[PDB]
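The figures that follow rest on heavy atoms only: side chains count, while hydrogens, waters and symmetry mates do not. Residue numbers start from 1 in every chain, and the chains themselves are labelled A, B, ... in the order their sequence lines are given, proteins ahead of strands.
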Protein chains: 2
Amino acid sequence: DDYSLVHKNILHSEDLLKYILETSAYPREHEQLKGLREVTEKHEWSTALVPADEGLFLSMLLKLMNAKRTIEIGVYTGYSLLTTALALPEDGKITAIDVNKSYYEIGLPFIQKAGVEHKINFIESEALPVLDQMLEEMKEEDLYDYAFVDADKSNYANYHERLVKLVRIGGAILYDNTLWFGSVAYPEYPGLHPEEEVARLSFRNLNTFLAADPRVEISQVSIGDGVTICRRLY
Amino acid sequence: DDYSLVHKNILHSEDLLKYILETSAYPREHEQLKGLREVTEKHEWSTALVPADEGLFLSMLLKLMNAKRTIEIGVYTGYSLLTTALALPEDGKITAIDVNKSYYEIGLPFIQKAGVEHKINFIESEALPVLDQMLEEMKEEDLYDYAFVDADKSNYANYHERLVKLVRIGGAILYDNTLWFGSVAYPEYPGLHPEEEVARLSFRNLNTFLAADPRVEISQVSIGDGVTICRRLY
Ligand SMILES: Nc1ncnc2c1ncn2[C@@H]1O[C@H](CSCC[C@H](N)C(=O)O)[C@@H](O)[C@H]1O
Ligand SMILES: Nc1ncnc2c1ncn2[C@@H]1O[C@H](CSCC[C@H](N)C(=O)O)[C@@H](O)[C@H]1O
Ligand SMILES: Oc1ccc(CCNCc2ccc(O)c(O)c2)cc1
Ligand SMILES: [Mg+2]
Ligand SMILES: [Mg+2]
């Protein structure tokens with residue numbers, strides 16, 4: 001009623017997305033992930049929730065690459081965070097960052113019931129100052145295997161400049177929402193809320209930049225709202 | 001053309017697909033992959049060609065899991081095979097299986113000029129006999145890291161029972177076309193060629209079976225025509 005893109009999906013039909021969720025995603029969704037999702041769906045910002053089919057995709061990536069130490073930028077109620085914590089080994093460690101811990105406390109009971117809260121170091125701050133402080137203290141043997149970026153959309157390019165130094169060589173950086181409900185496909189797009197237009201132009205610039213960035217290999221994956229996987233080359 | 005689905009997209013517009021390919025895939029596509037794709041686009045069976053954005057996704061998965069030995073079932077002109085060979089290290093090895101070597105001869109010059117043909121063992125045969133002989137010969141030290149299944153659609157479930165024993169624990173099995181142009185989303189779908197309808201039902205059964213299969217964790221990804229990633233648990 002205030003933002004324009006919230007009822008749009010990138011697949012050709014709602015029926016196909018429902019088929020995917022019902023056939024493949026929900027039967028593989030942890031019970032605490034199911035709980036966190038269903039309370040979040042009643043929250044006013046439920047449009048920002050990472051969907052269940054994308055969540056299982058993040059879980060698969062974490063396990064295939066044997067991730068141990070991860071960083072999560074943009075937590076909200078914690079669906080992707082809890083997804084990550086359940087995918088990591090028992091000794092896995094996550095640095096979670098979000099300006100608003102009130103959202104996080106919506107999901108924390110489910111994280112606790114899942115028995116994975118011990119893996120999480122939550123920092124209530126803006127992401128950039130923490131990443132900049134991490135650049136001064138980071139030791140080469142302390143680099144992250146994996147980074148999920150899902151915070152302020154207009155700041156992804158700034159996040160990238162830090163994360164290509166905070167993630168190990170061969171580690172992964174994942175940028176959520178890089179297709180922005182399909183609106184990135186046109187130079188001009190009508191009738192968006194000013195912040196949705198800022199994010200749209202930001203993603204158009206980020207997609208072009210990442211495609212030309214020699215520090216990484218990339219794969220833009222038309223899952224959820226678009227996820228761009230980056231792999232650090234040096 | 002006899003098939004009915006060949007031109008249907010699973011994204012909501014051609015413009016979105018073309019944005020992804022033009023922005024994120026084509027600029028990252030190896031020169032020999034581009035040449036192979038262009039020749040194949042002129043072939044009568046170009047519909048079955050793995051698309052460029054999915055190719056980068058397959059390549060990203062291989063590198064993040066540091067795959068070294070792979071199997072490829074369903075080669076055609078070799079786009080995904082070349083993709084796999086370019087991702088592997090210099091001493092990587094691939095077993096490629098297809099019933100029609102003449103398709104493979106179309107892309108072979110591009111594979112050779114990429115300098116990666118030495119990694120490929122091409123077997124001109126039906127996949128099931130080869131897979132069965134592989135299970136009779138395979139030692140635990142020889143198990144594959146990664147398997148890409150993209151051959152006779154109605155036989156995926158049969159391939160699956162062999163491949164869950166031929167990929168290592170923690171190894172990945174990927175099935176192509178698991179969304180089948182979106183037509184899997186409904187119990188019935190009018191206007192299909194008979195063997196288009198057989199594949200559709202075979203994928204509907206396959207997707208339900210894979211979601212319940214305790215031997216693997218899965219992730220169905222709405223990229224290309226749908227890719228289902230399986231990871232062997234035991
Ligand atoms: N500058 C900033 N630094 C850190 N977090 C920020 C931020 N600006 C916005 N955010 C947070 O980023 C989140 C985006 S919604 C994130 C969704 C979440 N990944 C999921 O799994 O569902 C919001 O919770 C918002 O509070
Ligand atoms: N029983 C069988 N065993 C092995 N290959 C088969 C087969 N039946 C069909 N095929 C082959 O499977 C291929 C499917 S098209 C595969 C496309 C390819 N993966 C790409 O990257 O473009 C065809 O080449 C067909 O010849
Ligand atoms: O300042 C904004 C930016 C965008 C909107 C519209 C969509 N709401 C944000 C959103 C949507 C999906 C996500 O995945 C995500 O992280 C966030 C509203 C206010
Ligand atoms: Mg998001
Ligand atoms: Mg295919």
Side-chain angles (χ1 to χ4, degrees), chain A residues 8-17 19-28 53-67 87 145-146 170-172 178-179 181-186 204 207-208 210-212 217-224 226-231, chain B residues 8-28 53-67 87 145-146 170-172 178-179 181-186 204 207-208 210-212 217-224 226-231:
Chain A
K8 277 139 133 46
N9 202 262
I10 62 175
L11 305 189
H12 64 203
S13 85
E14 184 95 38
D15 296 341
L16 181 53
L17 182 58
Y19 174 86
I20 297 175
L21 298 171
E22 285 175 2
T23 301
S24 302
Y26 295 153
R28 294 291 185 143
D53 67 323
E54 177 185 330
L56 279 176
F57 174 64
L58 311 181
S59 179
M60 180 65 66
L61 292 180
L62 286 166
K63 292 184 173 169
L64 283 178
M65 77 181 291
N66 196 39
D145 305 308
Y146 169 102
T178 55
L179 293 180
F181 305 87
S183 65
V184 295
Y186 314 90
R204 282 183 56 83
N207 296 344
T208 291
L210 293 183
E217 287 156 351
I218 72 165
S219 171
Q220 184 160 46
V221 185
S222 64
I223 188 172
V227 175
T228 301
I229 307 166
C230 302
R231 178 182 180 269
Chain B
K8 198 180 170 196
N9 288 313
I10 66 172
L11 305 186
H12 65 35
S13 66
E14 201 82 26
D15 283 359
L16 186 47
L17 184 48
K18 279 175 174 249
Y19 174 85
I20 299 179
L21 299 167
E22 292 164 350
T23 304
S24 300
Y26 295 152
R28 289 286 185 156
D53 64 324
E54 179 179 337
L56 286 173
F57 176 56
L58 304 180
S59 177
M60 177 69 68
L61 286 174
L62 290 161
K63 295 196 165 192
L64 288 173
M65 75 179 298
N66 199 41
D145 299 311
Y146 169 101
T178 52
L179 295 181
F181 305 91
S183 64
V184 299
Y186 311 91
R204 275 175 65 83
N207 298 340
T208 296
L210 287 178
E217 293 158 348
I218 70 163
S219 173
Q220 190 164 35
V221 185
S222 55
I223 188 171
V227 176
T228 300
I229 315 177
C230 308
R231 178 174 176 268

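- Minimum heavy-atom separation, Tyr186(A) to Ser13(B): OH-OG, 4.0 Å.
- For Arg28(A) (side chain) and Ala211(B) (main-chain N/O), a donor-acceptor pair under 3.5 Å exists by modelled atom type.
- Looking only at heavy-atom pairs under 4.5 Å with chain A, the residue among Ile218(B), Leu58(B), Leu210(B) that has the most is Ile218(B).
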Step by step, work out the side chain to side chain contact (heavy atoms under 4.5 Å, CB included) result for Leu179(A) and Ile20(B).
CA-CA 9 Å; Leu179(A) 293 180; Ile20(B) 299 179; 3.9 Å; yes
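- Taking 4.5 Å as the limit, some side-chain heavy atom of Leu61(A) sits within range of a side-chain heavy atom of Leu61(B).
- For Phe181(B), the part lying under 4.5 angstrom from a heavy atom of chain A is the backbone only.
- Ranked by non-hydrogen atom pairs under 4.5 Å with chain B, the options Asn66(A), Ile10(A), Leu56(A) are led by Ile10(A).
- No side-chain heavy atom of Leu64(B) sits less than 4.5 Å from a side-chain heavy atom of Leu64(A).
- Ranked by heavy-atom pairs shorter than 4.5 Å toward chain A, the options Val184(B), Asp53(B), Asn9(B), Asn207(B) are led by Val184(B).
- Neither the backbone nor the side chain of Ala25(B) comes within less than 4.5 Å of any heavy atom in chain A.
- For the options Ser24(B), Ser222(B), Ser59(B), heavy-atom pairs under 4.5 Å to chain A are most numerous at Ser222(B).
- Residues satisfying the side-chain hydrogen bond (donor to acceptor under 3.5 Å, both in side chains) test with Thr178(A), not counting sequence neighbours, are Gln220(A), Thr228(A).
- Counting heavy-atom pairs closer than 4.5 Å to chain A, the top-ranked of the candidates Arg204(B), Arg231(B), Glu54(B), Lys8(B) is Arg231(B).
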